[PDB]
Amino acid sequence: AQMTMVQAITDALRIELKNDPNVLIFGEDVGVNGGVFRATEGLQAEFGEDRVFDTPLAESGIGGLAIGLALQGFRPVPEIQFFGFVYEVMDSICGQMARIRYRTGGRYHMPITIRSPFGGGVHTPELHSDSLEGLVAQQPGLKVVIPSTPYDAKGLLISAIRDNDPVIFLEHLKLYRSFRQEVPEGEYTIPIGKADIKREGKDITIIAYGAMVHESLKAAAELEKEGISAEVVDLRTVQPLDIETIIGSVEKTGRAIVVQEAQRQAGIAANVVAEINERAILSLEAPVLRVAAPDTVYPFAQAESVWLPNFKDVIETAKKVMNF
């Protein structure tokens, strides 16, 4: 069916609740209310309060609760209401659940999926739209997934939940219901750690994730009229990186840019650039440049349009690389 990304996410959660009695969803307002963005709408009504439930208002406690529940054989899918609140629960995520398999030498493990919305363009209050994927990307023991489409979101979320180690699943607020896409009914999985080619090209590799994939595809449409063929690579997973797909593309084009919504000093672009320069510098016609936000705090809401990277910045930087 033609689904929005939020509908695709709900469908994944419903399917996992149905097929795995150990799956639990919990967090602030996910129960009766069905989530502040309706991502868990109807789940409690269908599957019960023992399985989908509200918690007290405390992110750290939500993290601890998930770790505990996992020690008791459950498959926790907690929600953090906005990923800007990850600062309250960083120890449970990075200090604890990322490390428990290692800490116990495989005696215990954490089949936990943390869902959290992020991303700009919808004029949220402070610390609602921040891109903090760069932080959890640096913690061994986690995987970090960021979909750009309904089809990807459902298949990656199901993979995430079935994965027996901690996965951070980040949902871009701008993409929740701004477009529809055909999504298969029933269960399907998409491999975690696997990028995909959103647009085949010959002249330059544009690597992106989240809302920036759309900005990159928009840019590639305009670059074509200019006689520049851009290959658009959606990372889908930002930790770990799909090195093979990235390098495969860069070796064909000999030119690349990396596009993120995060500040230049944040995000995962520097890691991608470092990996490309390490493995494929004998194919590079030019430096791999980054499209990123300015190194300030996330913008006051009215300043989003002038601060957030967009397709015009992707075009400008692409042509910079083309003309190097």
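Note that residue numbering begins at 1 and tracks the sequence as displayed.
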Between 43-51 and 61-69 (mean CA B-factor, as deposited), the higher: 43-51
Between 262-270 and 276-284, point out the one with the higher average CA B-factor as the PDB entry records it. 276-284
Per the PDB entry, which option out of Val89, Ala208, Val122, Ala98 has the greatest Cα B factor? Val122
Checking the record values for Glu171, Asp130, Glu251, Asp165, which has the greatest CA B factor? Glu251
Ranked against its chain, the third holding the CA B-factor of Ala12: middle
According to the PDB entry, is the CA B factor of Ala301 in the bottom, middle or top third of its chain, that is, lowest, middle or highest? lowest
So, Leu142's CA B-factor, relative to its chain, sits in which third? The lowest
Place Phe118 in the lowest, middle or highest third of its chain's C-alpha B-factors, as listed in the PDB entry. middle
Taking only the Cα B-factors deposited for this chain, tell me whether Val314 sits in the lowest, middle or highest third. highest
